[PDB]
Structures are given as C-alpha cells and as structure tokens.
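>>> Please find the sequence and an experimentally derived structure below.
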Amino acid sequence: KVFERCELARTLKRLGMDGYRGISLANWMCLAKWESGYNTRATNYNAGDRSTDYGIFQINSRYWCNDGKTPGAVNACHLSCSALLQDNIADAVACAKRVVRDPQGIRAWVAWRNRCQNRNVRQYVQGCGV
Ligand code: NA
C-alpha cells in the first residue's frame, strides 16, 4: 500500500510515534517519504552484503528482521521481514521504535541524515490534523 501523506501522519500518530524517544512525527514522515515514498511494499537488494531493506522505513535484514537469506544476520525486531511488507504498518512501527532504541536514534537511517536532518520537516505534517 502507498499511503497518502496525511493518511500516514495520522496512522503513525495513532501508533505512538509522535515524539517517540524525542523524534517528532514530522521526522518519521520525512524518513518514510525518502526511504520508500510511503510504500509499504518497497524492497531494496544490496548485492554487496547480500541484505535487503524492507517496507515503508526500509529496515535492513542484516540486523532487524529475518528473511533466511542474509548470511550471518540477526533479527533484533524478532520478526520475519515479511511482517515489514504488510499494508498494516503496526509491526514496521514497532521495529522502527526498536531501531531508535539504540545508540544513534533516528540517525540510524542515512537517508534521514541526508534529507531530513537540519532541514524543515514540519511541511510533512502540515494540514494533517496531528
Ligand atoms: Na536478519
């Protein structure tokens, strides 16, 4: 499913993402936008290390979910990577929260650093009623 901007903003707010570990909703929106264009079915294969980024937040199989095909990988979110391609994003949100409950926080995603860090993200939640 490809979410509409405000549809997603309210979806993430209902899931407890607004201010989660200090990260405003707008930052999560900016992340989803740049990672997948708000597409829950987005996947990206990394030929170099044989891992795959899954879903709306493009969570990587080397550390976060299990896909059975990434050598020496772990599964910190304790989920099948399949859970990260669901139209319903509750599992992906639980995993994204897990990701930020680590040393870097929202910085774990390079995309956030490139297109969201120190830029205006309020535009992503404008008019969404959040
Ligand atoms: Na894995």
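Arrived safely, thanks for sending. Numbers count the residues shown, from 1 in each chain.
>>> Run through the strands of this structure in chain order.
With DSSP state E, the ranges of strands along the chain come out as 43-46, 51-54, 59-60.
>>> what lines up beside the second one in the sheet?
Note on strand 51-54: by DSSP bridges, its sheet partners are strand 43-46 (antiparallel), strand 59-60 (antiparallel).
>>> Packed most tightly, which of these would that be?
strand 59-60 (a mean of 24; mean count of other CB atoms under 10 Å). C-beta here means a position set from N, CA and C on the backbone, and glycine is covered the same way.
>>> what's next to that one, contact-wise?
The contact list for strand 59-60 (CB atoms under 8 Å, 6 or more residues apart in numbering) reads 46, 51-54, 65, 77, 81, 84, 92, 95-96, 99.
>>> Show me which of those is closest to the ion.
When those are compared for distance to the ion (CB to the ion), residue 65 wins out at 5.6 Å.
>>> So among the contacts of strand 59-60, which ones count as buried?
51, 52, 53, 54, 65, 77, 81, 84, 92, 95, 96, 99 (16 or more other CB atoms under 10 Å).
>>> Let me have those residues in JSON lines, adding distance to the ion as columns.
Converted to JSON lines, these look like this (distance: CB to the ion, whole Å):
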{"residue": "51", "distance to the ion": "8"}
{"residue": "52", "distance to the ion": "9"}
{"residue": "53", "distance to the ion": "12"}
{"residue": "54", "distance to the ion": "10"}
{"residue": "65", "distance to the ion": "6"}
{"residue": "77", "distance to the ion": "9"}
{"residue": "81", "distance to the ion": "7"}
{"residue": "84", "distance to the ion": "11"}
{"residue": "92", "distance to the ion": "15"}
{"residue": "95", "distance to the ion": "12"}
{"residue": "96", "distance to the ion": "16"}
{"residue": "99", "distance to the ion": "13"}
